[PDB]
């Protein structure tokens, strides 16, 4: 109960975008709001991550890198859950003041990615994902993308990741488990976790392209964002840093 206790305890609260729901759904205004929300979420993900059990075990530089690389996916996963819980996956609940309907999914020019995120969101329902399974999975997501040539202290990372996999196994396996149930459950969740990496890559590519042409579409990028997108995101896109997949 100690592990789960801290996961619930450190879970971020409601984060609003500050979007003007009175202005028209322009690509510019929507994306400017997603960016600002992205920044706000980054702030919370950093304080959240740093308060995770064993996170301080990681070397100093590995700490921020692991957060910056996995940030997009962490936002994807949590947002999918928010969508499931609040609107039954009908729309994408980015924030209480920024809910995407089909019109907004289209106006943002991110329809394809939105569509995939809505699918992931639906998976929480189909799979009957537990609020506890969700928390553990989100935590594991933090340690799911690293430089192909390793970190400053890979050994500490590997141990940290190993322990979080075990916690998941512990949660998704405390009841009479065996056959199509114990491993059935684990396979389902690991497959679900892998499914977030392709969404994050698509989002990374899209965000990168948008930053590059930002002054041409009147889309505003916050400081921390422009930096992460221009410094860490290209490493993922060029293959230097890659997701850790369970399958295939």
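Positions refer to the first chain, counted from 1.
For the segment pair 177-185 and 204-212, the entry gives 177-185 the higher mean B-factor, averaged over Cα atoms. As listed in the deposited structure, the average C-alpha B-factor of 154-162 and of 167-175 is greater for 167-175. Comparing the C-alpha B-factors of 135, 141, 78, 110 in the entry, the top value falls on 110. When the C-alpha B-factors of 51, 42, 60, 34 are read from the PDB record, the largest value belongs to 60. Residue 131: CA B factor lies in the middle third for its chain, per the PDB record. The deposited CA B-factor of residue 24 belongs to the highest third of values across its chain.
The deposited CA B-factor of residue 218 belongs to the highest third of values across its chain. In this PDB entry, residue 241 carries a Cα temperature factor that places it within the middle third of its chain's modelled residues. Among all modelled residues in its chain, residue 10 ranks in the lowest third by Cα B-factor.
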